[PDB]
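In structure tokens, the next block holds one chain alone, the form deposited without (2S)-2-hydroxy-3-phenylpropanamide (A1CDU).
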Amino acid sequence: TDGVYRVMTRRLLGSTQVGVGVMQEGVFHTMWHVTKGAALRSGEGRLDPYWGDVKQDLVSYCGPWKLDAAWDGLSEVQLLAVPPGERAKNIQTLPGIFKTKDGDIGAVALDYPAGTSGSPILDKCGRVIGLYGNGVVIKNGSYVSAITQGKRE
């Protein structure tokens, strides 16, 4: 059941992709703003949220956050972008950095439309070092996303 998933919503006409998520070790990981804690129908039946953090913009289904890989701070990473109505694409990039008054977080300057949130960012070994889709719009209109990763406990 491991893999990357499209988070869809049932519409009156058909369906619409609202986000992306990662299934690993029986736990479904996505961004809080994608589902806002709503239950998810799935091949395993209804899935309920297990852990959530609005400030981190993360949410976990069926179990605690399982994703633990971290950006090297030096190495190139790959975004597995799963945009609405488009085919999944790997984009390799060298991340930048967001500076917070309380610490550091990596950031990728890759611009993808609403509904791509929750796409996994990977290291060379294929582990999710974070989820895409929470960041800022830069003065020139382009989008920079933080590498949002969850505490695992």
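The first residue of the sequence shown is number 1, and the count goes up from there.
What comes next is about the form deposited with (2S)-2-hydroxy-3-phenylpropanamide (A1CDU) bound, which is not displayed.
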| task | Answer for residue 96 alone: is it within 4.5 Å of (2S)-2-hydroxy-3-phenylpropanamide (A1CDU) in the deposited complex, judged on heavy atom distances? | result | no
| said: Since only the chain is shown here, I'm wondering whether residue 37 would be in contact with (2S)-2-hydroxy-3-phenylpropanamide (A1CDU) in the deposited complex (any heavy atom pair within 4.5 Å). | reply: yes
| Contact between residue 106 and (2S)-2-hydroxy-3-phenylpropanamide (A1CDU) in the deposited complex at 4.5 Å, heavy atoms? | no
| said: Can you work out whether residue 51 and (2S)-2-hydroxy-3-phenylpropanamide (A1CDU) are in contact in the deposited complex, taking contact to mean some heavy atom pair no more than 4.5 Å apart? | reply: yes
| What residues of 14-32, in sequence order, lie within 4.5 Å of (2S)-2-hydroxy-3-phenylpropanamide (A1CDU) in the deposited complex by heavy atom? | 32
